[PDB]
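Here the structure comes first, spelled out in structure tokens, and everything after it is commentary.
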Amino acid sequence: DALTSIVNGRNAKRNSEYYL
Amino acid sequence: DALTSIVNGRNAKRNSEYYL
Amino acid sequence: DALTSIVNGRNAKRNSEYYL
Amino acid sequence: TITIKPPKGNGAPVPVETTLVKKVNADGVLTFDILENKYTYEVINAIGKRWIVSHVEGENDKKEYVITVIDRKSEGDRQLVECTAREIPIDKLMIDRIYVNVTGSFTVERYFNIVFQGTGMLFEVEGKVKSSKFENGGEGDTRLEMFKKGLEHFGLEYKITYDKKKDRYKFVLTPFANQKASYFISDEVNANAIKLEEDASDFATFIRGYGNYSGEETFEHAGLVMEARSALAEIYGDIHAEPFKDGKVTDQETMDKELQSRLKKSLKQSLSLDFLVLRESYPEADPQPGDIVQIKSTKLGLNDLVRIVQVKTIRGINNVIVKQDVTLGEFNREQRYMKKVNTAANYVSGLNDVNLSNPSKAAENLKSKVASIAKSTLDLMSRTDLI
Amino acid sequence: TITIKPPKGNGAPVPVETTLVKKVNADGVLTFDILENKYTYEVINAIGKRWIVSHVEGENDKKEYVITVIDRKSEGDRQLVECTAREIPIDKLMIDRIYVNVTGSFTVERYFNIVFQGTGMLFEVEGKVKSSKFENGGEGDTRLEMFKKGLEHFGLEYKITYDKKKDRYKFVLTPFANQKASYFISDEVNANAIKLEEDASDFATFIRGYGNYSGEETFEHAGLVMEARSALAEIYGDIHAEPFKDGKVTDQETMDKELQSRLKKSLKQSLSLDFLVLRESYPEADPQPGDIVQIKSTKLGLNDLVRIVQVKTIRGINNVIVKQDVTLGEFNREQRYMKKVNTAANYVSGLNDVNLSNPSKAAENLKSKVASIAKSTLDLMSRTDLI
Amino acid sequence: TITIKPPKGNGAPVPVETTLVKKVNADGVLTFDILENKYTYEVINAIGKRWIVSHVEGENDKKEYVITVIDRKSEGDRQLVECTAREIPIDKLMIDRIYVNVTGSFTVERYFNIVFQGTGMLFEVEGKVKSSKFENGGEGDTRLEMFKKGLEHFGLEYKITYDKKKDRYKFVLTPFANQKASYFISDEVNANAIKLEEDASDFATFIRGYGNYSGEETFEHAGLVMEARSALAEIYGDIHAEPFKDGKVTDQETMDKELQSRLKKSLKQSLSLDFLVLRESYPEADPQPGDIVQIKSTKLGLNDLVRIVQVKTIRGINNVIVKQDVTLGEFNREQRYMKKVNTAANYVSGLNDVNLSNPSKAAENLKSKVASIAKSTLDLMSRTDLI
């Protein structure tokens with residue numbers, strides 16, 4: 001319950017600069 | 001291995017009432 | 001920070017043989 | 001504590017810890033976890049979905065919600081019921097559809113009156129708002145998502161309220177819905193953990209816009225060619241976002257408002273702080289979404305005022321609060337990503353053309369058919385101009 | 001324990017813990033983790049993919065699968081091989097495609113015979129089933145996904161079996177594939193953790209349907225306008241789902257069956273319980289998917305019978321089971337979400353029109369081209385009616 | 001340590017642990033976490049985004065990046081600043097768009113010269129490369145994604161370099177960008193954890209291809225019908241991937257190269273090993289992406305040489321490295337999935353036709369309109385052939 005947020009947050013971080 | 005299920009379960013919870 | 005990778009890795013595993 | 005009633009008739013209370021969530025325009029939702037007991041037995045063994053929950057926050061806030069999800073787990077010699085629920089001023093909209101395809105020009109009152117046909121609820125706009133034209137109605141769609149589109153065109157925000165009257169829910173439509181709030185915040189007094197996030201990966205200084213060329217042209221850039229820019233541009237410099245390509249709007253007054261809105265929406269600031277309620281002191285701070293608030297964090301460089309966009313309450317028993325969570329300005333970076341994902345995953349699987357093994361047959365068949373009929377039309381044009 | 005052979009010739013056994021998974025219609029899959037040893041060396045250092053695995057469950061269940069994924073990790077002075085594998089009665093379908101575009105009306109035997117051309121496997125239908133018409137064949141597609149579409153139209157479920165004969169796999173196509181099972185369950189005896197989930201967020205009481213209007217009309221609602229509803233409607237009341245808009249079906253007998261199927265598929269119940277095998281006692285309960293079972297949980301309000309839809313076996317060595325997991329009715333809420341996501345993510349990236357920086361140019365170019373050719377066609381219509 | 005300057009003028013150093021990531025063609029990115037101090041105060045309280053970071057790796061590697069994300073957290077009586085940043089030879093491309101719709105045939109130098117108009121950077125191709133035709137220009141698109149498309153058509157890889165000169169960045173475009181590297185690896189000496197992953201779920205032995213039929217035909221398979229296969233086919237046998245259906249390419253020399261490329265890209269091998277830097281010994285192994293390397297793991301069956309495709313550096317202070325991570329060949333299975341997901345989730349929500357409640361109205365309206373205009377065109381054809 002506590003855990004989903006950290007992974008999704010790092011995921012949204014990774015959405016910055018993933019694409020040429 | 002144990003962990004994927006909790007996050008995906010909370011995700012499916014979040015699929016309830018996310019949309020106007 | 002350490003955690004996103006394990007879940008996403010298991011997810012990509014699950015992407016094998018999920019579909020008829 | 002929590003008075004729940006079937007869809008026909010009488011009520012029954014239960015004590016249970018609740019988790020409510022309220023956004024400005026987006027659907028509110030709550031969640032809770034009843035458990036079997038010597039009490040609650042007659043209820044828990046006899047709940048069917050669309051049970052009508054109400055009397056949250058005690059003998060006040062009679063905002064009646066409805067359950068749609070029902071989990072039932074077995075713990076020891078007893079059983080739990082996790083469950084979810086949604087507003088009636090939103091679910092009652094998800095009830096009904098419209099089959100007559102709305103199309104053409106539409107003034108706002110007409111549009112938001114045809115969609116409130118048989119629902120009984122009421123709408124009203126506060127300020128004068130312009131009108132536009134809707135291309136295709138949602139014949140197979142909810143009243144809710146057409147309400148979404150309408151808000152996207154005319155009324156950029158809203159706020160519902162249970163008026164005094166029974167079976168009434170006034171929808172105050174407004175751009176940038178807000179009310180002043182006497183309370184406030186600071187790092188010392190009410191703000192435990194201030195996460196200030198400033199996301200700018202899709203941002204803008206100047207920008208171009210094209211919006212009056214006819215439907216059949218698509219780039220011969222008639223129709224109010226212009227580029228605008230904000231005040232901060234001059235130090236950051238030349239960048240620009242996706243230009244306002246799509247548009248059938250005549251005037252130029254629009255073409256600056258919408259354009260600067262495309263600009264200032266993008267240098268994003270999400271403050272997903274945490275709130276902690278003081279009961280013995282500072283009780284007059286019940287956070288409510290779509291209100292003004294004056295935060296101030298020392299040692300951060302922050303004294304400005306902002307608006308709530310998300311709030312997340314919990315209430316154990318006697319409707320006493322334990323903690324609050326809130327987000328300011330834009331609701332999150334996080335939730336934007338998650339809504340993007342879920343929209344992708346639900347728009348897909350609602351379709352039927354998808355074939356994972358070599359997709360694009362369904363799209364390329366279509367596109368090649370289109371170019372082929374265009375070739376045949378060229379032949380017809382030549383053959384008719386002959387005669 | 002596990003006899004694996006190259007695609008040409010001889011076998012070789014290895015001991016390794018296996019994790020099998022079987023659904024009713026969906027592809028089965030297994031997984032396991034060999035490790036380097038004094039034994040197994042000749043194999044593990046010499047496996048190439050599409051190695052053919054078999055003799056799971058001992059000297060029986062000679063269901064021959066094939067490996068497609070191969071991981072190789074280094075642990076100490078030894079090395080692991082995690083790996084995955086899939087059925088030959090499914091992979092052998094993923095082998096071959098069809099390029100002749102199936103199109104038009106199609107009886108079921110003809111369709112599921114043209115797709116079993118050269119594969120050698122066999123199909124048969126049990127009950128009488130109607131026929132429909134398939135719009136575009138998958139010229140660049142597997143036999144598998146056309147099998148999917150065929151099941152979606154005519155044979156709503158199936159079940160494969162390794163018949164006695166060599167290189168044969170009978171596909172019993174059937175709606176709602178089931179066989180009686182002597183065994184059973186209860187909370188006390190075989191059901192450790194019963195998670196009953198009742199999901200209803202896309203559900204229905206009454207519903208509309210339109211399905212005989214021609215291809216070029218799209219809403220002038222000829223073609224068997226009707227709305228139906230289920231028995232539970234009368235207490236829940238007025239709701240309705242997305243109406244059966246898409247349809248070229250003439251008769252009305254169909255328009256009620258498909259419609260009520262759209263209804264009753266939506267008040268969803270997923271029971272993702274856990275199963276624990278008793279070997280010394282109750283051995284006659286080898287769970288198999290697509291069977292009937294009679295569960296009964298006291299203190300839950302449950303004695304009905306259901307069907308398995310997912311099963312998940314593990315087998316360490318000597319093909320002795322350690323635990324089972326199963327899901328009943330609908331396979332999950334979870335897996336539905338995950339399949340939705342993966343379908344979105346694979347349908348996308350199979351395309352080529354996608355441009356993340358200002359998308360919709362590829363769609364708006366197309367749509368504006370379409371309206372422009374329609375305008376030119378209007379001009380042609382006027383100019384021809386002139387003459 | 002890290003010299004950061006506003007977009008106008010002077011520099012200021014800060015010490016902070018950095019996390020850089022570099023791929024061959026994909027955007028590089030870094031991340032770091034400044035904290036408040038007696039030092040750094042004048043900076044940290046005065047950073048605005050698009051602050052220009054540089055002098056990573058000390059008094060060398062003056063690769064100037066720019067910040068776009070800014071987090072600000074409160075820790076104790078101090079505050080953290082997590083932040084992200086991207087290359088100027090990539091961001092400076094994300095600056096500018098092109099509105100003139102490139103269309104038609106295009107030689108490579110012309111194309112990659114029109115897109116380097118006003119940016120100041122320079123491109124060059126090494127080997128002779130053919131030319132093709134681009135269907136629709138990205139009028140509302142970045143220079144970056146058109147650069148992506150150009151690389152996808154002509155220059156299958158690239159590599160940037162800060163030449164000696166100021167404000168210059170040479171783009172060496174090349175297929176399969178590589179340089180020899182004197183250093184090497186082995187399990188014993190530099191490779192802690194070797195994860196060899198061999199993914200093959202979308203793989204191929206033989207394959208068909210169709211690529212010269214005109215735009216309006218789509219399957220009457222003129223245009224160099226052929227099927228090819230690789231050398232490994234003969235032992236694995238008959239399989240095949242999605243055939244090269246889409247194509248307007250005349251010659252046959254192409255139709256074998258692209259086809260075998262579709263083959264050999266699919267039997268995928270991702271080696272996401274870990275690297276650990278030795279400073280006192282073996283210092284001449286600064287890993288850089290797009291280089292050749294000779295790995296060798298005993299007890300694995302591995303001595304071949306490969307190329308880096310991803311590298312992940314960290315540098316605490318004084319630009320001393322702590323650890324490295326790398327991936328070889330294909331960048332991952334993982335990251336491929338994640339890019340697929342994010343592409344789905346961003347392509348969606350960039351659109352406007354999406355309506356989650358009964359989608360496909362927007363697509364079916366379009367398709368039925370298309371077939372209807374085709375019917376009207378048939379009528380026109382008959383009526384004109386009459387005259």
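Letters A, B, ... go to the chains of the structure tokens in the order shown; residues in each chain start at 1; ligands are counted from 1 in the same order.
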Cut-off 7 Å: closest chain A/chain F atom pairs per residue, using only C-alpha atoms, as JSON lines:
```
{"residue": "A:15", "atom": "CA", "partner": "F:342", "partner_atom": "CA", "distance": 7.0}
{"residue": "A:17", "atom": "CA", "partner": "F:27", "partner_atom": "CA", "distance": 6.3}
{"residue": "A:18", "atom": "CA", "partner": "F:27", "partner_atom": "CA", "distance": 6.7}
{"residue": "A:19", "atom": "CA", "partner": "F:26", "partner_atom": "CA", "distance": 6.3}
{"residue": "A:20", "atom": "CA", "partner": "F:26", "partner_atom": "CA", "distance": 5.2}
```
Take the residues that were just selected and, keeping N, CA and C atoms, output them as a PDB file, in the first residue's frame.
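Writing the result to result_20.pdb gives the following:
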```pdb
ATOM      1  N   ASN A  15      10.474   9.126 -17.094  1.00  0.00           N
ATOM      2  CA  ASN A  15       9.802   9.685 -18.258  1.00  0.00           C
ATOM      3  C   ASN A  15      10.462  10.961 -18.760  1.00  0.00           C
ATOM      4  N   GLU A  17      13.599  12.457 -20.366  1.00  0.00           N
ATOM      5  CA  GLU A  17      14.780  12.079 -21.136  1.00  0.00           C
ATOM      6  C   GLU A  17      14.915  10.560 -21.229  1.00  0.00           C
ATOM      7  N   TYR A  18      13.967  10.014 -21.974  1.00  0.00           N
ATOM      8  CA  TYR A  18      13.973   8.632 -22.411  1.00  0.00           C
ATOM      9  C   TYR A  18      13.953   8.495 -23.921  1.00  0.00           C
ATOM     10  N   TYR A  19      13.813   9.595 -24.659  1.00  0.00           N
ATOM     11  CA  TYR A  19      13.490   9.557 -26.074  1.00  0.00           C
ATOM     12  C   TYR A  19      14.438  10.440 -26.860  1.00  0.00           C
ATOM     13  N   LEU A  20      14.892   9.927 -27.993  1.00  0.00           N
ATOM     14  CA  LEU A  20      15.514  10.774 -28.985  1.00  0.00           C
ATOM     15  C   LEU A  20      14.403  11.547 -29.671  1.00  0.00           C
TER      16      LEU A  20
END
```
Could you list, as a list in words, the residues of chain A having an atom within 9 Å of chain B when counting only C-alpha atoms?
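Putting it all together, I get residues 1, 3, 4, 5 and 7 of chain A.
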Those same residues, written as a tab-separated table (two decimals), in the first residue's frame with N, CA and C atoms?
```tsv
chain	number	residue	atom	x	y	z
A	1	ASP	N	0.84	-1.19	0.00
A	1	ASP	CA	0.00	0.00	0.00
A	1	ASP	C	0.87	1.24	0.00
A	3	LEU	N	3.85	1.20	-0.94
A	3	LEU	CA	4.95	0.98	-1.86
A	3	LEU	C	4.69	1.45	-3.27
A	4	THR	N	3.44	1.44	-3.73
A	4	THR	CA	3.18	1.75	-5.13
A	4	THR	C	3.72	3.13	-5.51
A	5	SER	N	3.70	4.06	-4.56
A	5	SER	CA	3.99	5.44	-4.88
A	5	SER	C	5.45	5.65	-5.22
A	7	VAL	N	7.66	3.54	-6.54
A	7	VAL	CA	7.99	3.02	-7.86
A	7	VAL	C	7.38	3.90	-8.94
```
Select all residues from chain E having any atom no more than 6 Å from an atom of chain D (counting only C-alpha atoms, ignoring ligands), output as a list in words.
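Close enough to count are residues 141, 195, 196, 197, 198, 199, 200, 201, 239, 242, 340, 341, 344, 347, 350, 351, 358, 368 and 372 of chain E.
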Please write the residues from the selection above to a file, keeping C-alpha atoms, as a PDB file, in the first residue's frame.
```
ATOM      1  CA  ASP E 141      -0.767 -12.159 -39.044  1.00  0.00           C
ATOM      2  CA  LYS E 195     -10.012 -13.415  -1.632  1.00  0.00           C
ATOM      3  CA  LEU E 196     -13.465 -12.815  -3.042  1.00  0.00           C
ATOM      4  CA  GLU E 197     -13.403  -9.691  -5.207  1.00  0.00           C
ATOM      5  CA  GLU E 198     -16.592  -8.281  -6.715  1.00  0.00           C
ATOM      6  CA  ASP E 199     -15.641  -5.636  -9.262  1.00  0.00           C
ATOM      7  CA  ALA E 200     -18.411  -3.553 -10.800  1.00  0.00           C
ATOM      8  CA  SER E 201     -17.275  -0.276 -12.353  1.00  0.00           C
ATOM      9  CA  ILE E 239     -28.122   2.175 -15.670  1.00  0.00           C
ATOM     10  CA  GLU E 242     -21.942   1.136 -23.952  1.00  0.00           C
ATOM     11  CA  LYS E 340      -4.716  -3.897 -20.950  1.00  0.00           C
ATOM     12  CA  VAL E 341      -1.403  -2.160 -20.265  1.00  0.00           C
ATOM     13  CA  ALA E 344      -1.450  -0.690 -25.188  1.00  0.00           C
ATOM     14  CA  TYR E 347       0.019  -2.080 -30.149  1.00  0.00           C
ATOM     15  CA  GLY E 350       4.153  -1.726 -33.576  1.00  0.00           C
ATOM     16  CA  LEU E 351       2.850   1.353 -35.342  1.00  0.00           C
ATOM     17  CA  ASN E 358       2.813  16.832 -31.197  1.00  0.00           C
ATOM     18  CA  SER E 368      -8.792  16.471 -42.988  1.00  0.00           C
ATOM     19  CA  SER E 372     -11.542  17.318 -48.237  1.00  0.00           C
TER      20      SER E 372
END
```
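Secondary structure from DSSP on the backbone puts helix (DSSP H, G or I) at the following positions of chain C: residues 4, 5, 6, 7, 8, 9, 10, 11, 12, 13 and 14 of chain C.
The two atoms in question, atom CA of residue 192 of chain D and atom CA of residue 289 of chain D, are spaced 19.2 Å apart.
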Write out as a ChimeraX atom specification which residues come within 12 Å of residue 155 of chain F when counting only C-alpha atoms, dropping same-chain ones fewer than 2 positions away.
/F:25,107-109,111-112,123-132,147-153,157-159,171-177
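Between atom CA of residue 154 of chain E and atom CA of residue 134 of chain E the interatomic distance comes to 11.0 Å.
The coordinates place atom CA of residue 314 of chain E at 22.2 Å from atom CA of residue 182 of chain E.
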Shell of 10 Å around residue 59 of chain D, only C-alpha atoms, local chain residues under 6 positions omitted, as a list in words:
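My list of contacting residues is residues 1, 2 and 319 of chain D.
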